[PDB]
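For reference, the structure is listed below as structure tokens.
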Amino acid sequence: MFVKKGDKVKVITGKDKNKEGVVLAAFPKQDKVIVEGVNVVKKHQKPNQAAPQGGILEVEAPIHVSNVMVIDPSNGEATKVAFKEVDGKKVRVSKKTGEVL
Amino acid sequence: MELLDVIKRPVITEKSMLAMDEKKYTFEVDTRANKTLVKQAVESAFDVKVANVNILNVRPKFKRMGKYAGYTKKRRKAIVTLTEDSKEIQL
Amino acid sequence: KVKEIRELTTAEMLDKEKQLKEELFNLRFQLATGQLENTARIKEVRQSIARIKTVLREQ
RNA sequence: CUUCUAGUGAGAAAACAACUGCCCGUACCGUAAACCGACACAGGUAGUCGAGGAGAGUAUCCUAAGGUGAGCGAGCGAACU
RNA sequence: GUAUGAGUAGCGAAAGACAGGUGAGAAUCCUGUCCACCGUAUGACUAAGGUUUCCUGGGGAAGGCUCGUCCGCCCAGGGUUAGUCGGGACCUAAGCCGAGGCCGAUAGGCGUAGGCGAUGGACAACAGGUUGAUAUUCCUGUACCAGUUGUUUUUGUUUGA
RNA sequence: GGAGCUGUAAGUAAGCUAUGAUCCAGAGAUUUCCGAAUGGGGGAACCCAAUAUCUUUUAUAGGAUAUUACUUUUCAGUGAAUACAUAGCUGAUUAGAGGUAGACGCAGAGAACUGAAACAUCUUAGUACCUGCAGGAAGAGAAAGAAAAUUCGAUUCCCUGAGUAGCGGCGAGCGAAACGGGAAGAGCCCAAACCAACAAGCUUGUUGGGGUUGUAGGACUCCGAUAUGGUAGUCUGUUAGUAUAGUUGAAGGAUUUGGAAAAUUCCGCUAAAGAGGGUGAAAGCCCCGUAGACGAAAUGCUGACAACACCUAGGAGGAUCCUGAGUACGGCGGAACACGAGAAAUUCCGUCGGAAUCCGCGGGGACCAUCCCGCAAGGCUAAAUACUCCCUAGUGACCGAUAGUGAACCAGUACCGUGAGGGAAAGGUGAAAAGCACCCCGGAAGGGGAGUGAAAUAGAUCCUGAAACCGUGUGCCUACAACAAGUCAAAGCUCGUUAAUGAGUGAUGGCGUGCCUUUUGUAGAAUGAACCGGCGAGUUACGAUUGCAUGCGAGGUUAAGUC
Ligand SMILES: [K+]
Ligand SMILES: [K+]
Ligand SMILES: [K+]
Ligand SMILES: [K+]
Ligand SMILES: [K+]
Ligand SMILES: [K+]
Ligand SMILES: [K+]
Ligand SMILES: [K+]
Ligand SMILES: [K+]
Ligand SMILES: [K+]
Ligand SMILES: [K+]
Ligand SMILES: [K+]
Ligand SMILES: [K+]
Ligand SMILES: [K+]
Ligand SMILES: [K+]
Ligand SMILES: [K+]
Ligand SMILES: [K+]
Ligand SMILES: [K+]
Ligand SMILES: [K+]
Ligand SMILES: [K+]
Ligand SMILES: [K+]
Ligand SMILES: [K+]
Ligand SMILES: [K+]
Ligand SMILES: [K+]
Ligand SMILES: [K+]
Ligand SMILES: [K+]
Ligand SMILES: [K+]
Ligand SMILES: [K+]
Ligand SMILES: [K+]
Ligand SMILES: [Mg+2]
Ligand SMILES: [Mg+2]
Ligand SMILES: [Mg+2]
Ligand SMILES: [Mg+2]
Ligand SMILES: [Mg+2]
Ligand SMILES: [Mg+2]
Ligand SMILES: [Mg+2]
Ligand SMILES: [Mg+2]
Ligand SMILES: [Mg+2]
Ligand SMILES: [Mg+2]
Ligand SMILES: [Mg+2]
Ligand SMILES: [Mg+2]
Ligand SMILES: [Mg+2]
Ligand SMILES: [Mg+2]
Ligand SMILES: [Mg+2]
Ligand SMILES: [Mg+2]
Ligand SMILES: [Mg+2]
Ligand SMILES: [Mg+2]
Ligand SMILES: [Mg+2]
Ligand SMILES: [Mg+2]
Ligand SMILES: [Mg+2]
Ligand SMILES: [Mg+2]
Ligand SMILES: [Mg+2]
Ligand SMILES: [Mg+2]
Ligand SMILES: [Mg+2]
Ligand SMILES: [Mg+2]
Ligand SMILES: [Mg+2]
Ligand SMILES: [Mg+2]
Ligand SMILES: [Mg+2]
Ligand SMILES: [Mg+2]
Ligand SMILES: [Mg+2]
Ligand SMILES: [Mg+2]
Ligand SMILES: [Mg+2]
Ligand SMILES: [Mg+2]
Ligand SMILES: [Mg+2]
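Right under this line is the structure:
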């Protein structure tokens, strides 16, 4: 996937549009990703998971990868990603600035 | 087959524990292993002396989960009785 | 690992295979009881034996 | 299996002690609710044992050992079958 | 797919009664007592066949012609121990296969040697005990059959057992 | 290739991974048992052996490894009746067995229903089935040919000839070929004469040379050339390309509705990319892609280059020799040729008889003469052609869950049958499980709240949710009535619409025997339908003919095929 675990991304579509967060987990097979504090859901858990209250837990659910854009770390803006080989290493580059990653 | 491959695992059940009290131990063994081979394998593995080995074949047992039904794998059970004046097998 | 195996000699390889077989035997017994914790160790040992046999055959 | 020689032959026999002896089946039903009959079906299913009184008898009636009370019942006590 | 017939036919040979218990719930499950039925069987063993239906602990959706707390049902564990029993490492009958071989548009048909093939022949262990479930299989006691090693004892080593 | 991964498949549990995992492609290792199954046996996936080596035990028992089927080829040794021999036997060696792709090819064997309006000749049909052999294609193929325009020059296949010539109880039907136009193209080897050698018994077999044909060729004898060209050969390399993973690959933000924007609106931008798919609704610019550019360690495939290899002679003479024998051909009996014995050639099978050989032989549809054409009884040969179980990439005025494969789903399954064999049903929550924590009735099931959600009358029997069928509520009517159940007329009561000389119900009165099929005639006591839903019957191809229409018009038009 053009996005990777731990990247800073911007949500471009969905109820959480314009939110930003770090990628907590990636699912290449599903082409989905989890962004902290994004797409939070209330889940009615039984107390069977070492939680002696069950309660209504809050957890981020995955969103489709195409609904996010990687944050240009040097500029802080969302950008599309090109692939340029630098020093013999294939790396991502911000099309808006040319910055790496 | 390799002697180490002859014996698969012990059998722990109420019947097998009662047998242990009499100094006979139950092992699942390769289905192609004859009791003479089982005797040799037990001796090499545990340094004990075997008095007798009683072998029996456990038929595959029918099981089913949800829409699917099949049979557990067939097993071969051998009850090995050690001689007196012999070390016990520790499990 | 494969590098270590290739370094070993033939007799060393055979003895290492015997030790691995005995270790696998003990693992089976421990799993049958509740005495085994690192269950993945069983597959690791099986793969190690397979590697040694493959190297032996490729000598 | 027992004998006979032909062959074969440097070891034999006895007692004693210790020791060795593989694979497959072994559960359960089996004049049946588990088998053959689409059924937990008044049918069919080889062989063995199969007691006592009266009795020729395994007939017959009532019983022993043993097994069972039958997988819809409660009333009413009409026609009709 | 759903009606009508219709809440109708039927609920598949026969005796059950009550007390107590269990349980949300009992004519139907458990226990007890009496009563009743089969008894050349409806008892006890076995072969085939079935293939886990066996035992233990749970369950009451569906199956059980009612009910169900229960089941040959569902769920989870567990249960079949052999030198001597039956079969194989023994023998053959009918029949079958069949090296070569004979015959034949093809395919193949037939058949010798040789084999296979029990329902038959041959063949060494019984009594008691034990488990919830196995027992001539496990255990106790006392045996037998085939063979190996070894000690001892006799006797034969090539006119040689 | 570069960050997660340990399938479906959640859940734990334990782990792996930048020392590069998972994953993708090439190559290789392992690959139990059954199965042709092949050490022997056997009721497939099991049992029991022999030999040799090794292994466990003090030792027997036990374990591992290798070999051990049958037939064929070649070789060697042994070796009967029997003397030599041969046969048998043993060993070694050799290559076969079996399965397919329900397709395509060739061959052996070979139906019936059906058609003929019956039926036997005939037709179905050399079809279906069975069996053998195959190859990627097969078969055919290098003229004893087609012809008679005078010529053509192997074979195959397409168009055309043509529904013609013909065959046919001259019925029903069956039905060519040549010429012409195309696809593709390629020609070559032996036998024999004769020569050299070898061996035995002047010939006679082996070997090598020789030679290959119809305007006759060849031997043989003379001459002259030792070249010139070609190939349908090779796990021979070298090289290129290609197949099997991949890398790169442009351009959008806002505003309105919304749970969510890709939709709306406003300004932009990209395009060798506006194919397509996905993304919370419909995206050229968010993602995967596409246009385009680039890429292979390894292994195949193709093509070139080279190498090696194999073929490749001209002229003149005929004195003599050779040029395919139990053959061609004939009688008898069948069969194939469109041709059914017919006037019947030509081809083939069985049986019997049985030639010539260059002044020779065969054919030109009985047969003969003349003329023309060819040279059998030996072999091989690519391309055009047929088919698709499979693999890769796509396409569709093809299906869209009773359709489309029987099978969108764990289907040749469940189930049925002794067996061959027959053979189903069954797709959809939501964008995301966020799959209803907690509380309440209840033993549970199931509900009511409370929550999630845009929506729960989307709650897992989950999208939509028709009709039959079942039930609750009620506005009108109904217990003196004989009813194909309606329609026409109508009081009363109730209600107020697509606002229309409205709607529901309806006392009462008039008239009035369903629908369909099949019949001279059916309410019919003739047939069919239990009801509801879905599915369910004049189509297509090739020809004939007519009408209409268009183009051209004494002309009209191309077919195959090439791009
Ligand atoms: K038993
Ligand atoms: K008596
Ligand atoms: K009696
Ligand atoms: K009952
Ligand atoms: K009554
Ligand atoms: K009566
Ligand atoms: K009904
Ligand atoms: K009814
Ligand atoms: K119970
Ligand atoms: K036995
Ligand atoms: K017997
Ligand atoms: K076989
Ligand atoms: K095919
Ligand atoms: K016929
Ligand atoms: K007819
Ligand atoms: K050919
Ligand atoms: K025609
Ligand atoms: K006719
Ligand atoms: K030549
Ligand atoms: K998107
Ligand atoms: K799109
Ligand atoms: K290559
Ligand atoms: K003819
Ligand atoms: K001719
Ligand atoms: K000719
Ligand atoms: K809905
Ligand atoms: K109503
Ligand atoms: K009326
Ligand atoms: K009638
Ligand atoms: Mg046994
Ligand atoms: Mg028993
Ligand atoms: Mg019965
Ligand atoms: Mg009685
Ligand atoms: Mg009635
Ligand atoms: Mg009854
Ligand atoms: Mg009687
Ligand atoms: Mg029971
Ligand atoms: Mg129970
Ligand atoms: Mg019930
Ligand atoms: Mg016996
Ligand atoms: Mg035979
Ligand atoms: Mg034969
Ligand atoms: Mg006996
Ligand atoms: Mg018992
Ligand atoms: Mg790698
Ligand atoms: Mg075999
Ligand atoms: Mg006819
Ligand atoms: Mg081939
Ligand atoms: Mg792009
Ligand atoms: Mg726009
Ligand atoms: Mg003919
Ligand atoms: Mg003839
Ligand atoms: Mg002729
Ligand atoms: Mg000529
Ligand atoms: Mg060809
Ligand atoms: Mg279907
Ligand atoms: Mg539908
Ligand atoms: Mg179907
Ligand atoms: Mg709705
Ligand atoms: Mg619905
Ligand atoms: Mg009146
Ligand atoms: Mg009235
Ligand atoms: Mg009539
Ligand atoms: Mg009817």
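Protein chains in written order, with the entry's author numbering: chain X, 1 to 101; chain W, 1 to 91; chain 1, 2 to 60.
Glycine included, every Cβ here is placed at the ideal spot set by N, Cα and C.
The beta carbons of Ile7 (chain W) and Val42 (chain W) sit closer together than 8 Å. For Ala78 (chain W), no Cβ of chain 1 is located within less than 8 Å of the residue's own Cβ.
Closer than 9 Å at the C-beta level to chain W, one finds these residues of the segment 13–39 of chain 1: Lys19, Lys22, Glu23, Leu25, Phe26, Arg29, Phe30, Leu32, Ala33, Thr34 and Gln36. Proximity of the segment 66–83 of chain W to the segment 20–29 of chain W meets the contact definition, three or more beta-carbon pairs being nearer than 8 Å.
Measuring C-alpha to C-alpha distances from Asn18 (chain X) to each of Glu85 (chain X), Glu99 (chain X), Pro62 (chain X) and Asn67 (chain X) identifies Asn67 (chain X) as the nearest.
Leaving aside the five residues that flank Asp5 (chain W) on each side, the residues in its chain whose CB is nearer than 7 Å to its CB run, in chain order, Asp30. Using a Cβ-Cβ cut-off of 8 Å, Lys8 (chain W) counts as an interface residue toward chain 1, since at least one Cβ of chain 1 sits closer than that to its own.
By the Cβ test, the segment 82–97 of chain X is in contact with the segment 59–74 of chain X, since at least three Cβ pairs between them sit closer than 8 Å. In the DSSP assignment, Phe83 (chain X) forms a beta bridge with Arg92 (chain X).
Less than 8 Å divides the Cβ of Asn39 (chain X) from the Cβ of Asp16 (chain X). Contact annotation: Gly21 (chain X) and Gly6 (chain X) have beta-carbon atoms that are not nearer than 8 Å. The beta-carbon of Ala19 (chain W) is placed no less than 8 Å from the nearest beta-carbon of chain 1.
Non-local beta-carbon contacts of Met14 (chain 1) in its own chain, meaning distances under 8 Å to residues more than five positions away in sequence, involve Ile6, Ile53, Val56 and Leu57 in chain order.
Between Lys4 (chain X) and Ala25 (chain X), the beta carbon gap of about 11 Å keeps them out of contact (Cβ cut-off 8 Å). Assigned with DSSP and collapsed to three states, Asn27 (chain 1) falls in helix. For the segment 29–55 of chain W, the set of positions with a beta-carbon nearer than 9 Å to some beta-carbon of chain 1 reads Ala45 in chain order.
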